Amino acid sequence: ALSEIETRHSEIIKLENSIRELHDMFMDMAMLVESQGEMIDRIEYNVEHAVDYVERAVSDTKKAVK
Amino acid sequence: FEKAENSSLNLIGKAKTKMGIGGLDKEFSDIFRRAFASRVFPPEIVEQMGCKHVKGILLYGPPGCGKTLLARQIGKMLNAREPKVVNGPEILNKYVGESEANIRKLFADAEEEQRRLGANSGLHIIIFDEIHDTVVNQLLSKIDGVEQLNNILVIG
């Protein structure tokens, strides 16, 4: 009927549009989350290890009073 | 087996086993017969005959002669259930594309059933009451050609 076929296209593109950008976000996302993933790999390291430094201190102090 | 009198159940095979219209019995009989009998003989006879089934039968009458009733009845008589298709007078209502497509479209369901099961044994009856450009050609193309389009009948 033309009118519906043209109006159709109009709504389809307006749809196509909004889509492409939402995809743009994930791209930046995978780049952010990963950039943060490396910022935590060192944390886990500095943490469970700090437990060793403190554990060695609390131990020496105890054997320094008994 | 025998379908319960006046049932849409149309049985086919060998394991099987007149009102109402005032006047019009000889002419009706021959016509009813020429379209339905050629279909009716089961089933080798048609090949023995070797004639393709009729596309349509058309009736023209003076007004008030009760044409419509005869047609509904003939359709009912022909198949347990076609089940009957009625065409609006406008036929072509909706200007934009469109209507023409509708005149093509009611045909379309019947042709689709036939392609899905084509060989035997499906019949669809379509009737146009009060029968230019595209609609002329469109009806003509669907009723005959390019390929097949048989296994249905239409009365005008």
# chains A, B, ... in the order shown; residues from 1 in each chain; ligands from 1

call {"tool": "interface_residues", "arguments": {"of": "chain A", "to": "chain B", "cutoff": "9 Å", "atoms": "only C-alpha atoms", "output": "list in words"}}
result
residues 1, 2 and 3 of chain A

call {"tool": "select_by_dssp", "arguments": {"residues": "stretch 46-140 of chain B", "states": "helix (DSSP H, G or I)", "output": "number ranges by chain"}}
result
B: 46-49, 67-78, 99-117, 134-140

call {"tool": "residues_around", "arguments": {"residues": "residue B:138", "least_positions_apart": "5", "cutoff": "12 Å", "atoms": "only C-alpha atoms", "output": "list in words"}}
result
residues 92, 99, 100, 101, 102, 103, 104, 105, 106, 107, 108, 132, 133, 143, 144, 145 and 146 of chain B

call {"tool": "write_last_selection", "arguments": {"atoms": "N, CA and C atoms", "output": "compact mmCIF listing (two decimals), in the first residue's frame"}}
result
# COMPACT_ATOMS: atom_id res chain seq x y z
N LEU B 92 -13.41 -6.04 -4.22
CA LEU B 92 -12.26 -5.20 -4.41
C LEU B 92 -12.15 -4.12 -3.33
N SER B 99 -6.84 -4.71 -2.55
CA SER B 99 -8.06 -5.47 -2.75
C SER B 99 -7.89 -6.56 -3.76
N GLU B 100 -7.17 -6.16 -4.79
CA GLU B 100 -6.88 -7.02 -5.90
C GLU B 100 -6.18 -8.22 -5.33
N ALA B 101 -5.30 -7.92 -4.39
CA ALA B 101 -4.55 -8.95 -3.75
C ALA B 101 -5.54 -9.85 -3.04
N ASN B 102 -6.61 -9.30 -2.46
CA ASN B 102 -7.61 -10.12 -1.73
C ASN B 102 -8.33 -11.11 -2.61
N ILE B 103 -8.72 -10.63 -3.79
CA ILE B 103 -9.33 -11.48 -4.81
C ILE B 103 -8.35 -12.59 -5.18
N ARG B 104 -7.07 -12.25 -5.29
CA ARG B 104 -6.05 -13.28 -5.47
C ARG B 104 -5.89 -14.22 -4.23
N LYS B 105 -6.05 -13.65 -3.04
CA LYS B 105 -5.72 -14.30 -1.76
C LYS B 105 -6.69 -15.40 -1.38
N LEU B 106 -8.00 -15.18 -1.52
CA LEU B 106 -8.90 -16.27 -1.15
C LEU B 106 -8.56 -17.48 -2.03
N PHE B 107 -8.23 -17.24 -3.30
CA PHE B 107 -7.78 -18.33 -4.18
C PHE B 107 -6.54 -18.97 -3.56
N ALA B 108 -5.70 -18.11 -2.99
CA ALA B 108 -4.39 -18.55 -2.51
C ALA B 108 -4.46 -19.68 -1.48
N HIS B 132 -11.83 -2.08 -14.10
CA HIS B 132 -11.36 -3.40 -14.50
C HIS B 132 -9.91 -3.60 -14.09
N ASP B 133 -9.00 -3.39 -15.04
CA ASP B 133 -7.56 -3.46 -14.77
C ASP B 133 -7.17 -4.82 -14.21
N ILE B 143 -7.42 -18.74 -12.04
CA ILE B 143 -8.34 -19.79 -12.49
C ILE B 143 -7.69 -20.71 -13.53
N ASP B 144 -6.92 -20.16 -14.46
CA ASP B 144 -6.21 -21.00 -15.42
C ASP B 144 -4.74 -20.59 -15.52
N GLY B 145 -3.86 -21.57 -15.39
CA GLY B 145 -2.44 -21.37 -15.59
C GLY B 145 -1.80 -20.66 -14.41
N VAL B 146 -0.50 -20.37 -14.48
CA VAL B 146 0.40 -20.86 -15.52
C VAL B 146 0.52 -22.38 -15.44

call {"tool": "closest_residue", "arguments": {"among": "B:64, B:35, B:90, B:128", "to": "residue B:51", "atoms": "only C-alpha atoms"}}
result
B:35

call {"tool": "atom_distance", "arguments": {"atom1": "atom CA of residue B:116", "atom2": "atom CA of residue B:88"}}
result
27.3 Å

call {"tool": "closest_residue", "arguments": {"among": "B:24, B:80, B:37, B:136", "to": "residue B:67", "atoms": "only C-alpha atoms"}}
result
B:24

call {"tool": "atom_distance", "arguments": {"atom1": "atom CA of residue B:142", "atom2": "atom CA of residue B:125"}}
result
14.0 Å

call {"tool": "residues_around", "arguments": {"residues": "residue B:69", "least_positions_apart": "2", "cutoff": "12 Å", "atoms": "only C-alpha atoms", "output": "list in words"}}
result
residues 19, 20, 21, 22, 59, 64, 65, 66, 67, 71, 72, 73, 74, 75, 76 and 129 of chain B

call {"tool": "residues_around", "arguments": {"residues": "residue B:1", "least_positions_apart": "3", "cutoff": "9 Å", "atoms": "only C-alpha atoms", "output": "PyMOL selection string"}}
result
chain B and resi 11+15-17

call {"tool": "atom_distance", "arguments": {"atom1": "atom CA of residue B:10", "atom2": "atom CA of residue B:122"}}
result
10.4 Å

call {"tool": "residues_around", "arguments": {"residues": "residue B:53", "least_positions_apart": "2", "cutoff": "7 Å", "atoms": "only C-alpha atoms", "output": "number ranges by chain"}}
result
B: 39, 51, 55, 150
